[PDB]
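Enquirer: This one's experimental. Sequence and coordinates below.
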Amino acid sequence: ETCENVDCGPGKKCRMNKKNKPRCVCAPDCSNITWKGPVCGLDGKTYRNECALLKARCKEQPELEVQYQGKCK
């Protein structure tokens, strides 16, 4: 009924959504990442930072990875 004793696993934390249900949501620890500027993803899209890529990875693209640092071409 709450986020109590819920273990969402890695890269995920527990949060009550608007309907009052506990949900594990993607929430990568950005303080763990050392490169802070933008990155270019394997989908060819630039992501604002690496943390943002990791969230897209957890949420919608399991194979997404950083292909190079900086903006994509």
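Expert: Looks like it came in fine. Numbering: from 1, shown residues only.
Enquirer: doesn't residue 56 fall inside a strand?
Expert: No: assigned with DSSP: H, G, I helix; E, B strand; the rest coil, residue 56 falls outside any strand and is helix.
Enquirer: May I have the residues that are in contact with it?
Expert: 41, 47, 64 (Cβ atoms under 8 Å, 6 or more residues apart in numbering). Every residue, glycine included, has its C-beta placed from N, CA and C.
Enquirer: ok, those vs residue 4, which is closest?
Expert: In terms of Cβ to Cβ, no member of the contacts of residue 56 lies closer to residue 4 than residue 64, at 31.7 Å.
Enquirer: Without its sequence neighbours, what residue ends up closest to that closest one?
Expert: Nearest residue to residue 64, sequence neighbours excluded (Cβ to Cβ, 6 or more residues apart in numbering): residue 57, at 4.2 Å.
Enquirer: Against residue 20, how distant is that neighbour?
Expert: 28 Å (Cβ to Cβ, to the nearest Å).
Enquirer: can you check residue 41 too?
Expert: 34 Å.
Enquirer: More neighbours: which of these two?
Expert: residue 41 (21 against 8; other Cβ atoms under 10 Å).
Enquirer: and that one, bridged to which residues?
Expert: residue 66 (DSSP bridges).
Enquirer: how about it, what does it touch?
Expert: Residues near residue 41 by Cβ under 8 Å, 6+ apart: 47, 53, 56, 64-67, 72.
Enquirer: on that earlier part again, check contacts around the residue nearest to residue 64.
Expert: 63-65.
Enquirer: ok, residue 27 - contacts?
Expert: Taking Cβ under 8 Å, 6+ apart, one finds 11-13, 55 in contact with residue 27.
Enquirer: Mind doing that once more with 6 Å?
Expert: Residue 27 makes contact with residue 13, according to Cβ atoms under 6 Å, 6 or more residues apart in numbering.
Enquirer: For it, give its distance to residue 44.
Expert: The value you get for residue 27 to residue 44, if Cβ to Cβ is used, is 25 Å.
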